[PDB]
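Note sheet for the following structure.
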Amino acid sequence: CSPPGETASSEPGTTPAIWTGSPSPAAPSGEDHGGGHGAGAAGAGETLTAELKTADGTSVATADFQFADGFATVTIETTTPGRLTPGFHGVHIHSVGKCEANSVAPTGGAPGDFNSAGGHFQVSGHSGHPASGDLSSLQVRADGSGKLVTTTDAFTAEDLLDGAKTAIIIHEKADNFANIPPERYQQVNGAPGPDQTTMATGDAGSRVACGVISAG
Amino acid sequence: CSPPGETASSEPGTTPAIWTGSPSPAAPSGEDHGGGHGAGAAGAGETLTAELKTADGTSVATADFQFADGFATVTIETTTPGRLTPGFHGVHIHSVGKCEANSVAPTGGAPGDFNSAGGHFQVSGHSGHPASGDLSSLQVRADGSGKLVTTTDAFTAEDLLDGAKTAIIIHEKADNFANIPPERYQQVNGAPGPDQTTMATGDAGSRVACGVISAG
Amino acid sequence: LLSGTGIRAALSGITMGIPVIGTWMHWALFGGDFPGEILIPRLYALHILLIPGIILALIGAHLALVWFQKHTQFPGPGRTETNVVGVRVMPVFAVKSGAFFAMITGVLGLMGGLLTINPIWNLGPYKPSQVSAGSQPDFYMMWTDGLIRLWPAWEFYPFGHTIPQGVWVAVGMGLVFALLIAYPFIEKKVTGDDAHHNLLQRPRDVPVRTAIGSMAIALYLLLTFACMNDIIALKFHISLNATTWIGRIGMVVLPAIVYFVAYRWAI
Amino acid sequence: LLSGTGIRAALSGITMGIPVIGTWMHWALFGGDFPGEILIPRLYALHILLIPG
Amino acid sequence: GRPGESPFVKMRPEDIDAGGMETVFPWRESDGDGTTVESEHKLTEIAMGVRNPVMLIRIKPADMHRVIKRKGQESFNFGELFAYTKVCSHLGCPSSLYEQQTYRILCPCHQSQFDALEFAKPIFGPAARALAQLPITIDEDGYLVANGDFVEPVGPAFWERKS
Amino acid sequence: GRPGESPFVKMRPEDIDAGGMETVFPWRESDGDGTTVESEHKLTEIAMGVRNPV
Amino acid sequence: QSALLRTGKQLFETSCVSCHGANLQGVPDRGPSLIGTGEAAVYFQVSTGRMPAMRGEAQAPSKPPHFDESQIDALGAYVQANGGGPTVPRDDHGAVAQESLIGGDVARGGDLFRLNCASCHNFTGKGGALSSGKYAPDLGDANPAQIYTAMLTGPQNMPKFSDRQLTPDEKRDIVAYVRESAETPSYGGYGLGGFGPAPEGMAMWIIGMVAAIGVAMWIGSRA
Ligand SMILES: CC(C)=CCC/C(C)=C/CC/C(C)=C/CC/C(C)=C/CC/C(C)=C/CC/C(C)=C/CC/C(C)=C/CC/C(C)=C/CC/C(C)=C/CC1=C(C)C(=O)c2ccccc2C1=O
Ligand SMILES: CCCCCCCCCCCCCCCC(=O)O[C@H](COC(=O)CCCCCCC[C@@H](C)CCCCCCCCC)COP(=O)(O)O[C@H]1[C@H](O)[C@H](O)[C@H](O)[C@@H](O)[C@@H]1O
Ligand SMILES: CCCCCCCCCCCCCCCC(=O)O[C@H](COC(=O)CCCCCCC[C@@H](C)CCCCCCCCC)COP(=O)(O)O[C@H]1[C@H](O)[C@H](O)[C@H](O)[C@@H](O)[C@@H]1O
Ligand code: HEC
Ligand code: HEC
Ligand SMILES: CCc1nc2ccc(Cl)cn2c1C(=O)NCc1ccc(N2CCC(c3ccc(OC(F)(F)F)cc3)CC2)cc1
Ligand SMILES: CCc1nc2ccc(Cl)cn2c1C(=O)NCc1ccc(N2CCC(c3ccc(OC(F)(F)F)cc3)CC2)cc1
Ligand code: FES
């Protein structure tokens, strides 16, 4: 006797399709956690990275911020070694999450990587001092890299996923905020006070980079 | 018969001293190590913390930075809930590692938490733009906490452990860096250029906090 | 847990206690210290193959001797030292022997069903730390355990050496066995009966031996209940020290009283 | 390895090939599939006591 | 008695309260929880160590003045905590039973009573040698650690002992 | 055949070259490497799987 | 509560002042101090009925409760107010929690029992004998709350297992194991108590030996 199955010369066959397994069901529901935190928003977990893209599409930096124990942990690894000149880039948090080459929310001059709908991405009820939207200098030496953090928790993971996606913007200036005292310093008009342009958010030359903060 | 050895000998005894164990030669052949990194210096590893103290010793914050993959990863936790006023604080890297109440390296007025030997703790050969001495700004909302990061890698763990211990100085200002362009704004002297005092490092009001970076 | 602590006490402790080679015997039996990983397989080999085989060979010898040293008999009307009065094997004796085997098997099956023996599941796996209050062996080793309990903690300490109290029980067993195995020879040496005896003797007709056997049974029962002095105290409210000392005084007094009473009873 | 593959061939395959009760005999002998956790102790019982007896 | 994971956890003096006994084992830092395969075998060795188990008993302060110590073991107790081997000095059964308000360490294999107040010497039953007392103290972070090994062998006695 | 740890490793088509044979087993994501006590038995079960090897 | 404390004081002043001073400090060589014993101690000691002890002997035995649940709570609250100590567990309603004290895990509860409880009680919760006139009573009768409070307060010659030795989770686990062993039928026929070798041997020598010898006497003759 011969087994019933036997040969099939016809229908040569097709290349197997790439396998895409289904998620483990309620039985093996146990799986790696994506992160825990307060998450006072639609949901972001304890892991949220970002990629900083330059005007030519070449990555300049890679920002990241995620809630850990109610206080955000962040770190912006350099994307290229020669991306940053030996100097300070004005860091800021923009309310607009579109890092387009040239786009301005209002009717006026559209600076490069200036899609922010204003200055710094402050809190909803904050419109004065430099809230968490404002950031200080990101320093690069002759090596040309950026890796250093601070403490600025005017916001949280709850405010990270706002109505308009936020982003991390790298300017071309340090962090001073009208360091010239009003007693002896003066502005163009002679007023001892500082300029609102430099007070609302870190203003500098052409934007160094812009990276969407929505899990970029 | 009775066993040879028993009885107190009428000797009271003493309370056992706190146990202080030694390293494990039998189990470990050598001395185990923690964090790993390039550490081109006397040795810092991949773990270095810091504590931010106030003028009266109150814990303003707690910074911590360490080298991981050639780009220093840092983060500063909030030490108090209402420590930070609802505004912007300028975080900078100071050459002086002493968080004294008021120390002045040069000959002049000593400012609070101004023991830094100059402006920003740049590299040895870096004395111009805002090098690694500049760090992310400390923006504080009504919450009063610090959690935010930037990309400042002009200095590394190898350069961190320099001759003079470095530190983190928290100011009380935003990050502008003479954002007023020379075209429209002017200085007290009438020259469109900015002030060197605000260009050497982030200058603001009385220092908000000072924390030793030497594994504080 | 119960059997494990029984092993720990008996095998480990007593074997280690033996002066000259005790530790060596312990290390040979366990292949090392007590929790040696070759104990249970060795006991399995000894228990399913070796000891049952030796017992079967000795039972074969026993039954062969009884068969050919034709069974002894009690004195009676037509019964003498030179005959066997009874029933031939085939018609009657075989049938009743088989029926008795059937009924004994039935009793054992009824017990195996209706009575719970060694409910090991209640007894967790053996651990050197876990314990139980009962901690007895089967009744045939309860005399050993009771001899342990009642022997008053007597140890001796030679030049840099220890002779633990456990040693005593080993000697005890020796004597016990040394007296059980050898008894007929002591009987024939003392009494002087060197004659071919085929007619049994009613126990009453031998007051001295009946008294001796009653004394031995009394000592065995005292030791067995001493092993259960823990449970006896728990159920029958008697202080544990009181039961221990009752056994201690009894293992010397109760045998004497039982001997006297049994002697007078036989007479 | 050698004796294990010998068991696999003979005791498992032949036993489970028998038409009427092959699988049943295999599962009774091994208490389950071929590498069943009761095989070697049972063979030990068969080989030190039962078959020698 | 957790099923496999972290069966042993460091201990603190506050945990034992006056007139309380707890069985403790020699857990090393290397012998971490049983999560991995390398561990869960060291921990099994600790659990199956015949002489490993010890009982830590907190002597009531009111009874403290009654404690009688053993020469060479005068400081083995850390305050009112006393570590005595559970293994009976007679035939090596655990001496698990503990009676407070009478301070009697009882061994149930052969009903042997040691006085816990006085150095754990046998005051009744077959046992004739005192239970070995383990030196104890507290290390950094306040965890109870043995202050050294038993000054004498701890199991049941044997021929080559007491020299 | 590493001693105990990570006995089963993912495999990729280029690993086996033309005219090469490899014995492979049904390893799952859940059946991680053999470090854990929970693992080292799923992997042992895979190894002892009489019909598992391919 | 004010009325609860009043009732507890009333009951205390006429049931136990003789053993324990009116200020709850133990009378010398009659009874110990109740300061700091706690409501858990009072509940376990009086619910089991031990406390109207009525004699000083080796071991105070369990006996029918001399007070009802409300009076037990009154006495316990009185003692808790005086010294302050362990408190009997309670559920949402406020009654002495008994069902809620059955821990889910039993194997872990079994290990805990064997390491701690079986030392003197039994493999399966039966009793055990102690040094001189003392014993460990059977755990079959004690309700979950009583077992929990017994662990939480070592009555007499019982090690006191504080909340730190056995956290409420471990105590509930041990309670669950105790109840399961106590109420679980003995698989394999009538379980002769819980002690194996002694009842088993006694039952052999009675049932099996009397049956076998009687059958031998029936089959055999006498002469
Ligand atoms: C070393 C040693 C023997 C020390 C002394 C310990 C001991 C045996 C003390 C005596 C125990 C007794 C008899 C207590 C009752 C109070 C008492 C002493 C009264 C005075 C004694 C006396 C001479 C009275 C005159 C009349 C007389 C002889 C009365 C005896 C009364 C009794 C108990 C008769 C029956 C004998 C008997 C069965 C004793 C118990 C023996 C054992 C080991 C039982 C084991 C056993 C137990 C422990 C169970 O829990 C169990 C639970 C469920 C099913 C089965 C059993 C079971 O078989
Ligand atoms: C088959 C078995 C037959 C028995 C055989 C043996 C017969 C010889 C009997 C010898 C009697 C010896 C009694 C002495 C015992 C002893 O020395 O211990 C005392 C306790 O005296 C007692 O109870 C007196 C007990 C006397 C009763 C003996 C009665 C005979 C019975 C057993 C016969 C029935 C047999 C039925 C068998 C059934 C059939 C079998 C098949 C004190 O202990 P303790 O408790 O610790 O008291 C502390 C102080 O010490 C301390 O100072 C003080 O301060 C306190 O703290 C106190 O606690
Ligand atoms: C040929 C053999 C024939 C054997 C007969 C078989 C009888 C089958 C019985 C029915 C099926 C199996 C029952 C298994 C369920 C079961 O075990 O049965 C207990 C009972 O047990 C007891 O109390 C004893 C009650 C008295 C009646 C039974 C006495 C039978 C004896 C006499 C037969 C053996 C011979 C012994 C003679 C010894 C005499 C020496 C002269 C009943 O529950 P309980 O009563 O509540 O047990 C308490 C837990 O609750 C509680 O936690 C626990 O902690 C305890 O307190 C526990 O007692
Ligand atoms: C006679 C003496 C009595 C009386 C009438 C009461 N008690 Fe007390 N008590 C007595 C003794 C000898 C002991 C210690 C041994 C034992 O408990 O049997 C106690 C102990 C207690 C405890 C235990 C304290 C603890 O475990 O930490 C409690 C809670 C207690 N006693 C309370 C109590 C109450 C409420 C009484 C009236 C209902 C009472 N006792 C009476 C002695 C005696
Ligand atoms: C020998 C030391 C000892 C150990 C250890 C011990 N017990 Fe007890 N137990 C006793 C004694 C003695 C009593 C008697 C209490 C009394 O007389 O007030 C008792 C009483 C009890 C009771 C009261 C039951 C009743 O009906 O009165 C329970 C329940 C109990 N124990 C459970 C436990 C548990 C659970 C453990 C493990 C945490 C444990 N025991 C450990 C000795 C001990
Ligand atoms: C100890 C009592 C006991 N307490 C408990 C508690 C709980 C439980 Cl569950 C059970 N128990 C038991 C128990 O069951 N005891 C049975 C037992 C005792 C001793 C031996 N012994 C064999 C010979 C050795 C020996 C002696 C002489 C030798 O020299 C020679 F012969 F010349 F080689 C060699 C070895 C000693 C041990 C066996 C079983
Ligand atoms: C297979 C060949 C082989 N290849 C290798 C390779 C490597 C190595 Cl190392 C060894 N080998 C061997 C090998 O050693 N073969 C021995 C062998 C063969 C058959 C059986 N069989 C007995 C009957 C059973 C049976 C069948 C019917 C029955 O029905 C009845 F009788 F009515 F109940 C009862 C039992 C099946 C197994 C055993 C051993
Ligand atoms: S086993 Fe401990 S007293 Fe003998």
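The numbers here are math on the coordinates, done by the rules we state, and not lab data. We place every Cβ from the backbone using ideal geometry, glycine too, and count neighbours over all the protein chains shown.
Structural remarks
- Only residues that are of a type in the set (A, V, I, L, M, F, W, C) and either in contact with a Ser or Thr (Cβ under 6 Å, 6 or more places away or on another chain) or exposed (fewer than 14 other Cβ atoms within 10 Å of the Cβ) (or both) were counted in segment A:188-216, giving 3.
- In segment G:190-210, the residues that are within 7 Å of another protein chain (Cβ to nearest Cβ), part of a helix (DSSP H, G or I) and either under 14 Å from C:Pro119 (Cβ atoms) or within 16 Å of ligand 5 (Cβ to nearest atom) (or both): G:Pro197, G:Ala198, G:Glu200, G:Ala203
- Residues that are polar (S, T, N, Q), free of Cβ contacts under 8 Å to residues at least 40 places away in the same chain and surrounded by 17 or more Cβ atoms within 10 Å (Cβ to Cβ) occur in segment G:121-139; there is at least one.
- Residue list for segment G:162-189, filter: buried (at least 20 other Cβ atoms within 10 Å of the Cβ), more than 9 Å from ligand 5 (Cβ to nearest atom) and within 14 Å of chain E (Cβ to nearest Cβ): G:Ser162, G:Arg172, G:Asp173, G:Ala176
- Here G:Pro28 does not qualify as outside any helix (DSSP H, G or I), within 16 Å of ligand 3 (Cβ to nearest atom) and over 18 Å from G:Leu152 (Cβ atoms).
- Hey, G:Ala145 within 27 Å of E:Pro3 (Cα to Cα), within 11 Å of ligand 5 (Cβ to nearest atom), within 11 Å of chain C (Cβ to nearest Cβ) and crowded, with 23+ Cβ neighbours inside 10 Å or not: no
- Within segment G:172-223, tally of residues that are of a type in the set (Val, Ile, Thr), within 13 Å of ligand 3 (Cβ to nearest atom) and within 21 Å of the chain's Cα centre (by Cα): 2
- Residues located in segment E:92-107, provided they are at the interface with chain G (Cβ under 7 Å from one of its Cβ atoms) and under 13 Å from C:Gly134 (Cα atoms): E:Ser96, E:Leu97, E:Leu106
- Unmet requirement for C:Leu199, which otherwise passes all of (1) farther than 30 Å from G:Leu139 by Cα; (2) out of contact with any strand residue (DSSP E or B) (no Cβ under 7 Å at 6 or more places or on another chain): (2)
- The listed residue being in contact with a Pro (Cβ under 9 Å, 6 or more places away or on another chain) and at negative phi, out of B:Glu11, B:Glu51, B:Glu31: B:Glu31
- The listed residues are G:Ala53, G:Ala81, and the only one of them that is of a type in the set (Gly, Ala, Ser), part of a helix (DSSP H, G or I), touching a residue at least 24 places away in the same chain (Cβ under 8 Å) and surrounded by fewer than 18 Cβ atoms within 10 Å (Cβ to Cβ) turns out to be G:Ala81.
- Per-region count, segment A:55-101, residues among the aliphatic types (A, V, I, L, M) and surrounded by fewer than 24 Cβ atoms within 10 Å (Cβ to Cβ): 4
- Residue selected from segment C:232-246 under the condition closer than 21 Å to E:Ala127 by Cα and not aliphatic (A, V, I, L, M), by the criterion nearest to ligand 3 (Cβ to nearest atom): C:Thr243
- Counted residues, segment A:115-170 - those being among the basic types (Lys, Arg) and in contact with a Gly (Cβ under 7 Å, 6 or more places away or on another chain): 1
- Where a residue in segment B:189-216 is more than 12 Å from chain A (Cβ to nearest Cβ) and basic (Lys, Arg) and its partner, wherever it lies, is in a loop (DSSP other than H, G, I, E, B) and crowded, with 24+ Cβ neighbours inside 10 Å, with Cβ under 8 Å and at least six apart: B:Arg207/B:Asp113; B:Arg207/B:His171
- Set C:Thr5, C:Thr15: member being more than 8 Å from chain E (Cβ to nearest Cβ), under 23 Å from the mean Cα position of the chain (by Cα) and not charged (D, E, K, R): C:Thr15
- Odd one out for C:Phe30, checked against (1) under 30 Å from D:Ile48 (Cβ atoms); (2) buried (at least 16 other Cβ atoms within 10 Å of the Cβ); (3) facing chain E (nearest Cβ under 10 Å); (4) not basic (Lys, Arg): (3)
- Evaluation of B:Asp143 against the conditions (1) crowded, with 24+ Cβ neighbours inside 10 Å; (2) facing chain A (nearest Cβ under 7 Å) shows that the sole unmet condition is (1).
- Among helices (runs of 4 or more DSSP H) entirely within segment C:159-267, having at least 2 residues that are within 16 Å of ligand 7 (Cβ to nearest atom) and either under 16 Å from the mean Cα position of the chain (by Cα) or surrounded by 17 or more Cβ atoms within 10 Å (Cβ to Cβ) (or both) singles out no element at all.
- Residues satisfying the stated conditions in segment F:13-44, i.e. of a type outside the set (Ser, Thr, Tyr), within 10 Å of another protein chain (Cβ to nearest Cβ) and free of Cβ contacts under 8 Å to residues at least 24 places away in the same chain: F:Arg28, F:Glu29, F:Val37, F:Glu38, F:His41
- Extreme residue, surrounded by the most Cβ atoms within 10 Å (Cβ to Cβ), among residues of segment C:129-157 that are more than 11 Å from chain G (Cβ to nearest Cβ) and in a loop (DSSP other than H, G, I, E, B): C:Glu155
- Summed over segment C:109-126, residues that are under 22 Å from G:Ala212 (Cα atoms) and either more than 7 Å from chain G (Cβ to nearest Cβ) or assigned to a helix (DSSP H, G or I) (or both) total 6.
- In this structure, A:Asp162 does not satisfy being more than 21 Å from A:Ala50 (Cα to Cα) and part of a loop (DSSP other than H, G, I, E, B).
- Residues considered: G:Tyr135, G:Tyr148. Of these, the only one that is within 16 Å of ligand 2 (Cβ to nearest atom) and not aliphatic (A, V, I, L, M) is G:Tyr135.
- Enumerated helices (runs of 4 or more DSSP H) restricted to chain D, each holding at least 1 residues that are away from ligand 8 (no atom under 16 Å from the Cβ) and farther than 30 Å from C:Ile55 by Cα: D:2-7, D:22-30
- Note on segment G:56-78: residues that are part of a loop (DSSP other than H, G, I, E, B) and farther than 18 Å from G:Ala142 by Cα amount to 3.
- Residue, farthest from the other protein chains (Cβ to nearest Cβ), within segment E:122-143, restricted to residues that are over 14 Å from the mean Cα position of the chain (by Cα) and assigned to a strand (DSSP E or B): E:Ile123
- Test for G:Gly133: is it part of a loop (DSSP other than H, G, I, E, B), within 14 Å of ligand 1 (Cβ to nearest atom) and more than 9 Å from chain C (Cβ to nearest Cβ): no
- Scanning segment B:107-140 for residues that are of a type in the set (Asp, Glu) and at negative phi gives a single hit, B:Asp134.
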